[PDB]
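Readers should treat all values here as calculations from the given coordinates under stated rules, not as data from a laboratory. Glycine gets a Cβ as well: all are built from the backbone with ideal geometry, and neighbour counts include every protein chain shown.
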Amino acid sequence: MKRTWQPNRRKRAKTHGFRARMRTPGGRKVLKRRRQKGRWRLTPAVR
Amino acid sequence: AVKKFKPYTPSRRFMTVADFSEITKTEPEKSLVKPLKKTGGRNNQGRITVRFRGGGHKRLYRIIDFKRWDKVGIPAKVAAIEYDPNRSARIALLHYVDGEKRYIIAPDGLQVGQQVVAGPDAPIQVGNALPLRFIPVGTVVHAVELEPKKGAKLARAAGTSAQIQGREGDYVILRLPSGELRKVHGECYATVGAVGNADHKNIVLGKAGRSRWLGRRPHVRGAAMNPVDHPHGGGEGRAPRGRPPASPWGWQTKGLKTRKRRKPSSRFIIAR
RNA sequence: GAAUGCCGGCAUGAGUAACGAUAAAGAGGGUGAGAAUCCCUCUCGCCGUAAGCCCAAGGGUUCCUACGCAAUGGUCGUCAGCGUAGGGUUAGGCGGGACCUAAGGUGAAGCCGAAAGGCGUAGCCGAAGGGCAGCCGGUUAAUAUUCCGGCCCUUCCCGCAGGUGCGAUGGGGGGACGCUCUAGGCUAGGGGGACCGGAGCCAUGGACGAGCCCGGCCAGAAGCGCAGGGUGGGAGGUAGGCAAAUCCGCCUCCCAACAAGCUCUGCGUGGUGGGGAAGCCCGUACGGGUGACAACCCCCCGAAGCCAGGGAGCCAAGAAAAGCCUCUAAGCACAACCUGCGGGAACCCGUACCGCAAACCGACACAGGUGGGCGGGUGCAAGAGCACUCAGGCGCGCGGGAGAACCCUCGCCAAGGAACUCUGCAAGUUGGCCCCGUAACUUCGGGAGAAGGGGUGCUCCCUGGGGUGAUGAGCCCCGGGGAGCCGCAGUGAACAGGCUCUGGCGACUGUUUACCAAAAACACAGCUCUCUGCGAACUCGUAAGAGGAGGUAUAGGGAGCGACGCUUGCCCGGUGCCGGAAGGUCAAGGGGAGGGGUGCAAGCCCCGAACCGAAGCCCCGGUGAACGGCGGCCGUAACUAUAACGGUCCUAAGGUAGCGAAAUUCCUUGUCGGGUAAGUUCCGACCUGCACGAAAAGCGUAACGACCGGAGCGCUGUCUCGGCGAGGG
RNA sequence: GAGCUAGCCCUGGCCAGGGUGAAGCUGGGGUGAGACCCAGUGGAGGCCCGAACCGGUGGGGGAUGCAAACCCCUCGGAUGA
RNA sequence: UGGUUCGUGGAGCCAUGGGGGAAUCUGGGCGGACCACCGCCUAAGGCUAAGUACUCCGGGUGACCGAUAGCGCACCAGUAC
RNA sequence: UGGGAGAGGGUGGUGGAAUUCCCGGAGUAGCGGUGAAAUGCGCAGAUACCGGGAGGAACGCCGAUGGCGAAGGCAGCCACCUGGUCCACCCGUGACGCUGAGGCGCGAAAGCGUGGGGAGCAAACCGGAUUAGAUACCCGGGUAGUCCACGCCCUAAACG
Ligand SMILES: [Mg+2]
Ligand SMILES: [Mg+2]
Ligand SMILES: [Mg+2]
Ligand SMILES: [Mg+2]
Ligand SMILES: [Mg+2]
Ligand SMILES: [Mg+2]
Ligand SMILES: [Mg+2]
Ligand SMILES: [Mg+2]
Ligand SMILES: [Mg+2]
Ligand SMILES: [Mg+2]
Ligand SMILES: [Mg+2]
Ligand SMILES: [Mg+2]
Ligand SMILES: [Mg+2]
Ligand SMILES: [Mg+2]
Ligand SMILES: [Mg+2]
Ligand SMILES: [Mg+2]
Ligand SMILES: [Mg+2]
Ligand SMILES: [Mg+2]
Ligand SMILES: [Mg+2]
Ligand SMILES: [Mg+2]
Ligand SMILES: [Mg+2]
Ligand SMILES: [Mg+2]
Ligand SMILES: [Mg+2]
Ligand SMILES: [Mg+2]
Ligand SMILES: [Mg+2]
Ligand SMILES: [Mg+2]
Ligand SMILES: [Mg+2]
Ligand SMILES: [Mg+2]
Ligand SMILES: [Mg+2]
Ligand SMILES: [Mg+2]
Ligand SMILES: [Mg+2]
Ligand SMILES: [Mg+2]
Ligand SMILES: [Mg+2]
Ligand SMILES: [Mg+2]
Ligand SMILES: [Mg+2]
Ligand SMILES: [Mg+2]
Ligand SMILES: [Mg+2]
Ligand SMILES: [Mg+2]
Ligand SMILES: [Mg+2]
Ligand SMILES: [Mg+2]
Ligand SMILES: [Mg+2]
Ligand SMILES: [Mg+2]
Ligand SMILES: [Mg+2]
Ligand SMILES: [Mg+2]
Ligand SMILES: [Mg+2]
Ligand SMILES: [Mg+2]
Ligand SMILES: [Mg+2]
Ligand SMILES: [Mg+2]
Ligand SMILES: [Mg+2]
Ligand SMILES: [Mg+2]
Ligand SMILES: [Mg+2]
Ligand SMILES: [Mg+2]
Ligand SMILES: [Mg+2]
Ligand SMILES: [Mg+2]
Ligand SMILES: [Mg+2]
Ligand SMILES: [Mg+2]
Ligand SMILES: [Mg+2]
Ligand SMILES: [Mg+2]
Ligand SMILES: [Mg+2]
Ligand SMILES: [Mg+2]
Ligand SMILES: [Mg+2]
Ligand SMILES: [Mg+2]
Ligand SMILES: [Mg+2]
Ligand SMILES: [Mg+2]
Ligand SMILES: [Mg+2]
Ligand SMILES: [Mg+2]
Ligand SMILES: [Mg+2]
Ligand SMILES: [Mg+2]
Ligand SMILES: [Mg+2]
Ligand SMILES: [Mg+2]
Ligand SMILES: [Mg+2]
Ligand SMILES: [Mg+2]
Ligand SMILES: [Mg+2]
Ligand SMILES: [Mg+2]
Ligand SMILES: [Mg+2]
Ligand SMILES: [Mg+2]
Ligand SMILES: [Mg+2]
Ligand SMILES: [Mg+2]
Ligand SMILES: [Mg+2]
Ligand SMILES: [Mg+2]
Ligand SMILES: [Mg+2]
Ligand SMILES: [Mg+2]
Ligand SMILES: [Mg+2]
Ligand SMILES: [Mg+2]
Ligand SMILES: [Mg+2]
Ligand SMILES: [Mg+2]
Ligand SMILES: [Mg+2]
Ligand SMILES: [Mg+2]
Ligand SMILES: [Mg+2]
Ligand SMILES: [Mg+2]
Ligand SMILES: [Mg+2]
Ligand SMILES: [Mg+2]
Ligand SMILES: [Mg+2]
Ligand SMILES: [Mg+2]
Ligand SMILES: [Mg+2]
Ligand SMILES: [Mg+2]
Ligand SMILES: [Mg+2]
Ligand SMILES: [Mg+2]
Ligand SMILES: [Mg+2]
Ligand SMILES: [Mg+2]
Ligand SMILES: [Mg+2]
Ligand SMILES: [Mg+2]
Ligand SMILES: [Mg+2]
Ligand SMILES: [Mg+2]
Ligand SMILES: [Mg+2]
Ligand SMILES: [Mg+2]
Ligand SMILES: [Mg+2]
Ligand SMILES: [Mg+2]
Ligand SMILES: [Mg+2]
Ligand SMILES: [Mg+2]
Ligand SMILES: [Mg+2]
Ligand SMILES: [Mg+2]
Ligand SMILES: [Mg+2]
Ligand SMILES: [Mg+2]
Ligand SMILES: [Mg+2]
Ligand SMILES: [Mg+2]
Ligand SMILES: [Mg+2]
Ligand SMILES: [Mg+2]
Ligand SMILES: [Mg+2]
Ligand SMILES: [Mg+2]
Ligand SMILES: [Mg+2]
Ligand SMILES: [Mg+2]
Ligand SMILES: [Mg+2]
Ligand SMILES: [Mg+2]
Ligand SMILES: [Mg+2]
Ligand SMILES: [Mg+2]
Ligand SMILES: [Mg+2]
Ligand SMILES: [Mg+2]
Ligand SMILES: [Mg+2]
Ligand SMILES: [Mg+2]
Ligand SMILES: [Mg+2]
Ligand SMILES: [Mg+2]
Ligand SMILES: [Mg+2]
Ligand SMILES: [Mg+2]
Ligand SMILES: [Mg+2]
Ligand SMILES: [Mg+2]
Ligand SMILES: [Mg+2]
Ligand SMILES: [Mg+2]
Ligand SMILES: [Mg+2]
Ligand SMILES: [Mg+2]
Ligand SMILES: [Mg+2]
Ligand SMILES: [Mg+2]
Ligand SMILES: [Mg+2]
Ligand SMILES: [Mg+2]
Ligand SMILES: [Mg+2]
Ligand SMILES: [Mg+2]
Ligand SMILES: [Mg+2]
Ligand SMILES: [Mg+2]
Ligand SMILES: [Mg+2]
Ligand SMILES: [Mg+2]
Ligand SMILES: [Mg+2]
Ligand SMILES: [Mg+2]
Ligand SMILES: [Mg+2]
Ligand SMILES: [Mg+2]
Ligand SMILES: [Mg+2]
Ligand SMILES: [Mg+2]
Ligand SMILES: [Mg+2]
Ligand SMILES: [Mg+2]
Ligand SMILES: [Mg+2]
Ligand SMILES: [Mg+2]
Ligand SMILES: [Mg+2]
Ligand SMILES: [Mg+2]
Ligand SMILES: [Mg+2]
Ligand SMILES: [Mg+2]
Ligand SMILES: [Mg+2]
Ligand SMILES: [Mg+2]
Ligand SMILES: [Mg+2]
Ligand SMILES: [Mg+2]
């Protein structure tokens, strides 16, 4: 049966991308939590 | 008149399609007019406002001239009576002698070859738009503005007709198809004659298909719902609504007058 | 020492279930220390509209080669999609970007929002939509429309050559479009050949023969040829395409009325270029050589593909922008632009491998899921079905024996056929084509495949039509008629409805509880009520704003019923709604009679009664396809019985038509009849309706239903009543 | 967080092969002209059968499964909501 | 209406959103409704270190821990998953 | 050939009296109804008076015991189209005539389908009065219907 994860680099990068997080003020604060705790990947590595 | 169907299959015994014989042999439309894409939509900023609207055949909007005073005193000859899917009323082409091409609402009796003139002149017979300060009392008229220089806003649907009953100074009273006697300005333009194709009521959709093809999605009865969404909804088998018939937002839907009573346009209204 | 406590370790179950589709294995020869599992050969089996090839996503070294087997592989392992190391992805023409725009997003101008932020015509972003220039072979272990070979093309930049008023984000043409059904000519693909070329082979009884088997193509500029698409041409006037305009549009006269001509495609032909089987010999895991001066010819079927913007019909009425052409304005007419010929320049990213799967998503080498294209041959009427089989790829990563019970899956059965049982649940019968042949009823279409029957193979003869070859042979389609043969059986295997009567409910096609409910539930056309005069009513939002709708009473919203036929009676006392500038009550405000507190005083500050004060509520009317409701008792007619009738109490009024033990009836298996031998179910009636009833509609209604209930015929392991046999455990 | 799922917008694609034979049109009959009735063409439909496809009706298996929704036989739709 | 202990309480004072709406020292505010006396300041413009709070970093100390503790990590950790 | 009469029929246009509703002016204690009253309307200002607007159905006098048509039926007026009928001439055709089973056409009112229109009248229906009772005759209201376009009904005291 069709499961929940049907990958797409386009949807992943337009949704959880850095340029999508820097626009919204909620997403800008998302990067503050990841930098101050020290995440190695602030945004999901999309290729 | 319309043509019925033999019941070769079900939903055809009742389905009746209109008469397409008055349409001239001009099935494809004319470009340089209608280059607008109809913005097919159902919501404003995503959230649905008008419920049960969707589907529907793809259409193209034909830009219609409602400002007939742009070419006052300039005659125009019709050469095509076309079908407009954005309207119940048919349309007609206007090949002006000036050279401009424009779509106009096609009233009844407007045949090919007849020419149409606009302005305070242009005698009384179909198509000729005149301001209400010059149209004779007791005549059939349509495409009426309510306020000057704003465009035709009254009696644009099929078969509708407006009749002049009197005069009040610079204002002229009108008998609208709903029966309202509204006092509109005399300088408001109006096109004589009845809109025609009065047989739009006489058609029968036959099945649910034509509703979906027109774009009307299924209308869910409010009693089949549940109390969180609709007031009528809930209870056991076939709730007899148990309260005054209301709408999903709580307001009553049977006999509650909703116009504003403090409206400044109420002093130009007489009847129902 | 305990909290179904937290973390870690090891037991029990236990050498038990399982080892992941029943598509299937066996032998011989190699390597190796170790082979059922790796390599090679032979035999066997499976898929073959895939279980085979080619793309787009996603995955991101998995590809190739050398060396390995500690871990991964449901066993082994010398193997690998695993470990170590090296190599491999080459583009002006393929795809994407220095091209365009749609939904949507962003957003200068402008509007809004306590802040964050939100809307927003123009502009921009935004794509398997438009536009654009490459086809065929060869090489590597791994790449190729990318490298090589042949042939053909596209942009710019600079020069001479010939022409012209050139000339833009601006104007106009064009780009430009639906669904169904189809004509003409071609191509892909395929069938045949007594024609051509082939190593070879006569086997086991016969056959040296028009014998068997294999193969008889691909691309290809310019001209040609065939088919097809787009297009009229002048001459005036002109107030319109938001400046100008010879372009476009509109009016008039002329010749075309054609596709003649001018263009643009497709296909065939074409200088030249390439491929080239089966069999045998080799040694690769795989390629090579030869067969090879290889032939490369003729018929037939022939598309859903090409000419493409073809044609006809229909209504539900079928994107935008740029590339291209034309027009002109500032400018410039030593410029610039068009055609043609040279020389030069042509960037950035991907190309490997998987890709109905062991590499994507499902924790797994998971029987699940995944978009497009090719998808051969024969037979069954056909077809992408079904059975077998080319090319290709596999035997699904535990096996060997045995032949218990028991379970799954499958086959057969005496005699009876529903007695089993909630129910023929399951299973079984029928089953495809052709020809007879059909009922009540009905909305005249249907019901209809009704039901129910007959023919179906092969051989011989006579014979009719088409289509392609010329008005003939061959080839390919359908027939018609007459003789005869075999078997139990002729859609001989596979795929390919059991039927009839009636009732409930819903008109019908559909839709839904992903993962227990596909239904009488939802929806549907259709009917009614009600709101709504356009800055509409209503919805979302604090607002701007947007939907409605670039709609305008034949339109839009809400509510109810839910096709169609006949109908929807009474109550407006209560509630809702509608209409009522009277009256009562009614808060802030006006108003100050009068009174108070302070001071020596003017003054200052409080209360503060009549009187005028809106909406609402009360009051008066109307409204039930609005919320809702729609009685009881007693007595009377000449066999009894009953009550057409009369009287009385109360409510605002006191169920009409139609139906009725019902999806509604408790008593109740009401009672009569029909069915059965036997009928708490079923059907037709009576009415005593606990507790039907007219739009939460009433009564019927042809057709339809994987809905529900009852009966019957054919049929069977469903049962008396079980027995046996196969495969997987 | 709408890569599952529900609806809608923009743009593309897919539905083999058989039947049924509406309207229209041509010819004939017919009338004063029609209406209308026969053939022939025609190819309509939320039409019939049935694969891909989309579902998930009935039964059996499965139940620490191949599977946290599966498999076999059967079944509904398959030019349209 | 908010703030202050202040919740309408006799509700002042300090800010205000709405309506009306003056004066320049014999002018105004306050001293908890209001009035008189007596006293305190002189509003509707603004600037200002010091002393005060905190620990990403460095140092010192510890009747603080010692790999199931101590920060989530003494170890290439906000990693693998 | 030449004239005539006629409410013959179909379409379009158009006029006035009156009813009803609305707006305005002015006016007060009732109006209405019947054999009699009552329901009802009326201090929230009605009936009656005047002015203006709206809308529909019928056409007063002429108008008749009249006319026209096969029948049902047909009345303000104008215009268009087309029936039928009468008179004078003796011209033409030369019996071409009469009736008519079946068929076809028309066919009042009421009724049915779709849509419009709806002033008045008015089945069903509410209320008052009458009567012993009154599902009625009388009175206050009131829907379908009366009208129009098309389609269907196709009956009758369709009666000379
Ligand atoms: Mg354009
Ligand atoms: Mg938007
Ligand atoms: Mg948004
Ligand atoms: Mg519900
Ligand atoms: Mg609620
Ligand atoms: Mg109930
Ligand atoms: Mg309820
Ligand atoms: Mg109730
Ligand atoms: Mg109103
Ligand atoms: Mg203890
Ligand atoms: Mg312990
Ligand atoms: Mg433990
Ligand atoms: Mg053990
Ligand atoms: Mg055990
Ligand atoms: Mg055991
Ligand atoms: Mg075992
Ligand atoms: Mg296995
Ligand atoms: Mg297995
Ligand atoms: Mg071996
Ligand atoms: Mg070794
Ligand atoms: Mg096979
Ligand atoms: Mg095959
Ligand atoms: Mg990729
Ligand atoms: Mg992976
Ligand atoms: Mg690797
Ligand atoms: Mg490999
Ligand atoms: Mg190993
Ligand atoms: Mg192992
Ligand atoms: Mg495994
Ligand atoms: Mg490896
Ligand atoms: Mg560039
Ligand atoms: Mg770009
Ligand atoms: Mg763009
Ligand atoms: Mg846009
Ligand atoms: Mg924005
Ligand atoms: Mg925005
Ligand atoms: Mg925009
Ligand atoms: Mg493209
Ligand atoms: Mg390209
Ligand atoms: Mg080429
Ligand atoms: Mg490869
Ligand atoms: Mg020159
Ligand atoms: Mg130029
Ligand atoms: Mg240019
Ligand atoms: Mg343009
Ligand atoms: Mg052909
Ligand atoms: Mg070829
Ligand atoms: Mg061929
Ligand atoms: Mg051959
Ligand atoms: Mg040879
Ligand atoms: Mg022999
Ligand atoms: Mg051949
Ligand atoms: Mg010109
Ligand atoms: Mg101009
Ligand atoms: Mg000129
Ligand atoms: Mg060619
Ligand atoms: Mg050739
Ligand atoms: Mg060769
Ligand atoms: Mg190989
Ligand atoms: Mg196709
Ligand atoms: Mg095409
Ligand atoms: Mg076309
Ligand atoms: Mg652009
Ligand atoms: Mg100049
Ligand atoms: Mg560059
Ligand atoms: Mg490549
Ligand atoms: Mg490749
Ligand atoms: Mg598969
Ligand atoms: Mg799983
Ligand atoms: Mg495996
Ligand atoms: Mg798998
Ligand atoms: Mg997997
Ligand atoms: Mg698939
Ligand atoms: Mg595929
Ligand atoms: Mg094929
Ligand atoms: Mg085949
Ligand atoms: Mg065949
Ligand atoms: Mg098969
Ligand atoms: Mg059998
Ligand atoms: Mg037996
Ligand atoms: Mg037997
Ligand atoms: Mg039997
Ligand atoms: Mg029994
Ligand atoms: Mg038993
Ligand atoms: Mg029994
Ligand atoms: Mg049963
Ligand atoms: Mg069964
Ligand atoms: Mg059989
Ligand atoms: Mg019968
Ligand atoms: Mg029939
Ligand atoms: Mg039947
Ligand atoms: Mg049969
Ligand atoms: Mg025979
Ligand atoms: Mg034989
Ligand atoms: Mg022949
Ligand atoms: Mg036989
Ligand atoms: Mg089967
Ligand atoms: Mg069948
Ligand atoms: Mg039934
Ligand atoms: Mg019944
Ligand atoms: Mg149903
Ligand atoms: Mg159907
Ligand atoms: Mg069906
Ligand atoms: Mg579903
Ligand atoms: Mg479910
Ligand atoms: Mg869920
Ligand atoms: Mg659930
Ligand atoms: Mg179903
Ligand atoms: Mg608006
Ligand atoms: Mg709001
Ligand atoms: Mg409505
Ligand atoms: Mg219902
Ligand atoms: Mg019903
Ligand atoms: Mg009722
Ligand atoms: Mg009431
Ligand atoms: Mg009342
Ligand atoms: Mg009340
Ligand atoms: Mg007061
Ligand atoms: Mg005093
Ligand atoms: Mg009041
Ligand atoms: Mg007696
Ligand atoms: Mg009685
Ligand atoms: Mg009754
Ligand atoms: Mg009963
Ligand atoms: Mg009985
Ligand atoms: Mg039983
Ligand atoms: Mg019964
Ligand atoms: Mg009874
Ligand atoms: Mg009752
Ligand atoms: Mg009921
Ligand atoms: Mg009801
Ligand atoms: Mg019934
Ligand atoms: Mg029925
Ligand atoms: Mg169904
Ligand atoms: Mg069903
Ligand atoms: Mg058995
Ligand atoms: Mg056994
Ligand atoms: Mg066995
Ligand atoms: Mg989605
Ligand atoms: Mg396909
Ligand atoms: Mg026919
Ligand atoms: Mg169908
Ligand atoms: Mg199932
Ligand atoms: Mg189910
Ligand atoms: Mg099961
Ligand atoms: Mg069967
Ligand atoms: Mg079926
Ligand atoms: Mg089907
Ligand atoms: Mg406070
Ligand atoms: Mg306070
Ligand atoms: Mg203030
Ligand atoms: Mg004070
Ligand atoms: Mg004090
Ligand atoms: Mg100051
Ligand atoms: Mg400061
Ligand atoms: Mg400071
Ligand atoms: Mg400080
Ligand atoms: Mg630790
Ligand atoms: Mg330790
Ligand atoms: Mg008056
Ligand atoms: Mg006459
Ligand atoms: Mg009548
Ligand atoms: Mg009627
Ligand atoms: Mg009816
Ligand atoms: Mg009366
Ligand atoms: Mg009356
Ligand atoms: Mg009649
Ligand atoms: Mg009779």
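Whole Å is fine, so just give me how far the alpha carbon centre of the stretch A:16-34 lies from that of the stretch B:1-39. First find each Cα centre; the distance between them is then 53 Å.
May I ask you to list the trypsin sites (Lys or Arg not before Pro) in the stretch B:11-41 that are in a DSSP loop and have at most 11 other Cβ atoms within 10 Å of their Cβ? The qualifying sites are B:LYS25. Per-residue ellipticity at 222 nm computed for chain B from its helices equals -500 deg cm²/dmol, with DSSP H segments shorter than 4 residues left out and the rest contributing -39,500 (n - 2.57). Among B:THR160, B:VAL137, B:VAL228, whose Cα sits farthest toward the positive end of the charge dipole of chain B (+1 at Cβ of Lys/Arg, -1 at Cβ of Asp/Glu, about the Cα centre)? Positive-end residue among those listed: B:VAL228.
What percent does the relative contact order of the stretch B:1-101 come to when contacts are Cα pairs within less than 8 Å and at least six residues apart? It would help to have the intermediate numbers written out before the result.
Details: 114 pairs, mean separation 21.7, N = 101.
For the stretch B:1-101, the relative contact order is 21 percent.
Near B:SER88, once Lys and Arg are set to +1 and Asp and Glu to -1 for all other residues with Cβ below 12 Å from its Cβ, the sum equals +2.
Ordering B:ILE23, B:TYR8, B:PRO35 by the projection of their Cα atoms onto the charge dipole of the stretch B:1-127, which places +1 on the Cβ of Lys and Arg and -1 on the Cβ of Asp and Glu, puts B:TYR8 at the extreme positive end. Using equal-weight Cα scatterers in the Debye expression, the normalised intensity of chain B in log10 at q = 0.10, 0.13, 0.14, 0.16 Å⁻¹ is -0.70, -1.07, -1.17, -1.30.
In this structure, the residue pairs whose Cα-Cα separation is over 26 Å, taken from B:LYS38/B:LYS153; B:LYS25/B:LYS101; A:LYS14/B:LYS38, are A:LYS14/B:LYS38.
Dipole size in debye (nearest 20) for the stretch B:5-122 around its Cα centre, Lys and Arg Cβ +1, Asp and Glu Cβ -1?
920
Compared with the dominant principal axis of the Cα atoms in chain A, helix A:25-37 is inclined by about 70°. Mean sequence separation of contacting Cα pairs (under 8 Å, at least six apart), scaled by the length of the stretch B:1-53, corresponds to a relative contact order of 21 percent. The protection proxy used here, the mean number of other Cβ atoms lying within 10 Å of each residue, ranks peptides B:214-221, B:142-149, B:63-70 as follows, highest first: B:142-149, B:63-70, B:214-221. In terms of packing, defined here as the mean over residues of other Cβ atoms within 10 angstrom, the peptides B:246-257, B:75-86 line up highest first as B:75-86, B:246-257. Taking a ≥ b ≥ c as the square roots of the eigenvalues of the Cα gyration tensor, an a/c ratio of 1.5 or more together with a/b no larger than b/c marks the stretch B:163-272 as oblate.
Does the stretch B:207-260 come out rounded, prolate or oblate, given a ≥ b ≥ c as the square roots of the eigenvalues of its C-alpha gyration tensor, rounded meaning a/c under 1.5 and, failing that, prolate meaning a/b above b/c?
Numbers: a/c = 2.60, a/b = 1.28, b/c = 2.03.
Oblate, since a/c reaches 1.5 and b/c is not below a/b.
Mean sequence separation of contacting Cα pairs (under 8 Å, at least six apart), scaled by the length of the stretch B:138-228, corresponds to a relative contact order of 27 percent. Among B:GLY138, B:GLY233, B:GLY113, the largest mean-square fluctuation in a Gaussian network model of chain B (Cα springs under 10 Å) belongs to B:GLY233.
Before rounding to the nearest 500, sum -39500 (n - 2.57) across all DSSP H runs of length at least 4 in chain A and divide by the residue total; then give [θ] at 222 nm in deg cm²/dmol. Don't jump to the answer; show the numbers that get you there.
On the way: 3 runs with 24 residues, N = 47.
Taken over chain A, the calculation gives -13500 deg cm²/dmol.
Cα centroids of the stretch B:134-176 and the stretch B:212-249: 39 Å apart. Summing charges over all other residues whose Cβ lies under 10 Å from the Cβ of B:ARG216, with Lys and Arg as +1 and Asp and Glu as -1, gives +4.
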